[PDB]
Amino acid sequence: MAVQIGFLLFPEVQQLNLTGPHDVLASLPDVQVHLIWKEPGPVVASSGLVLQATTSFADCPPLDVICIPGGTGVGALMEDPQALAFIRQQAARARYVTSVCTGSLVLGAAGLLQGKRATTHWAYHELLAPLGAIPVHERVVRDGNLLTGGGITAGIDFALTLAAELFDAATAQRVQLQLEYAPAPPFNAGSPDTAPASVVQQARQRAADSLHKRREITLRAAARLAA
């Protein structure tokens, strides 16, 4: 009767993608939250911060919510057959299938974006269509029971939506007030539509080698789905 919520925790994850929604969802009644990898134990995020997986794939309980974070480590995941199989198996019966940042590219490599509206991190957005998605340039995109968010803390925001659907709006509002979640960034450069032009160009340049590498990974992942 507890709601089972699971985050995939993989090497080189962007940890805030996971830790943001974790702190929101773990505050709810009647929830048990899991950090899933191939075995329990330390997993190093892209920043070097060390997290602890709490369960192996095989020992994870059937999940009501699955959440795939993004980060540097996504490229490996997109070609990891054991991880992709776990994600597919959980998604087949989960109430909610979710991702943050380039975690949606992992859902895509698993075949779970076929014909679905979805978003990802803005620098990699061109990789959605080859994975079968209908690309949408919005912060949180919902298609049926699929929720994808692009930005680093998009999971915090969609976690509050999930709280309201799993429980009720008053429960989501209570968590927001108890945590005093009231963001107010001091700059307006969180979207390529609003950042200075030179900032867009430099951010793109810093992502270019990763995007080039992920283009080839994405093409291979798409070809494997077709074959």
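One rule holds for the numbers: they count along the sequence shown, beginning at 1.
- Of the two segments, 30 to 38 and 155 to 163, the one listed with the higher mean B-factor is 30 to 38 (C-alpha atoms only).
- Higher mean CA B-factor, judged across 72 to 80 and 97 to 105 from the recorded values: 72 to 80.
- Within the group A207, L16, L25, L9, the record's highest C-alpha temperature factor is found at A207.
- Among all modelled residues in its chain, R139 ranks in the middle third by Cα B-factor.
- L51: CA B factor in the lowest third of modelled residues in this chain (values from the PDB entry).
- Among the modelled residues of the chain, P183 sits in the lowest third by CA temperature factor in this PDB entry.
- In this PDB entry, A110 carries a Cα temperature factor that places it within the highest third of its chain's modelled residues.
- The entry lists a Cα temperature factor for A45 that places it in the lowest third of the chain's modelled residues.
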